[PDB]
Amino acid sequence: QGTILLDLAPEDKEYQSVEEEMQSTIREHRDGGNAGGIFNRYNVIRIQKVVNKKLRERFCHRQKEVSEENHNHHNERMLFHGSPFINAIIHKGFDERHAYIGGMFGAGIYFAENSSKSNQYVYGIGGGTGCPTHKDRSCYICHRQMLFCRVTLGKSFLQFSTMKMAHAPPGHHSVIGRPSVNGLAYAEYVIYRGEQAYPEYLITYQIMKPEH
């Protein structure tokens, strides 16, 4: 009972595959690097597979209900997630009860294909006040954490804005906020049921300073 974190050896193919997806999904943001920091590569310090029997079962049960409703298509995808609550998530699983309508966000759990997008949220909306110790959004000292999870999207509802939503629209199971020239630059993937995502990998890392 409870979660078991298993370290992967950097020689393991799985490890290598998770780190390349993360390093290669780094993009520039019209941020000036304000939110997530200035860098063009990560120092992956650790990758652990999150093993939890109960969470895997809740996940598989919900995936069945979604397939039934989506013509036997659960439409699963591997996506990143960044937030100050990773440690609670890896233990109790994703919980929609901690999501609220506010700002540009609705009351759901947001995910991203670009790890640099998830990095912007590791310390809070807009990066918050940065790391706890140095209150620096571009801190190269403190260790950050993000999750590469399995996400059951089922039938997604394509929109431009994700604020104002409490649940997926009728007949749907997830919402996708898409690129608008006066809105998002990258797609946002939202679920309103924590059981629709399984935190497969726990990534410990740091952003590295641009080399001179």
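Start at 1 and count along the sequence shown; that's the residue number.
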Mean temperature factor over C-alpha atoms, higher-scoring stretch between 17 to 25 and 200 to 208: 17 to 25
Between the two ranges 44 to 52 and 181 to 189, the one averaging a larger CA B factor in the entry: 181 to 189
Top Cα B factor in the deposited entry, candidates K164, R144, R150, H173: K164
Which of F85, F80, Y123, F105 ranks first by CA B-factor in the deposited coordinates: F105
Chain-relative CA temperature factor third for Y100: highest
Entry-reported Cα temperature factor of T129, expressed as the chain third it lands in: middle
For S67, the third of its chain into which the C-alpha B factor falls: highest
Ranked against its chain, the third holding the CA B-factor of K135: middle
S156 CA temperature factor, ranked by third within the chain: middle
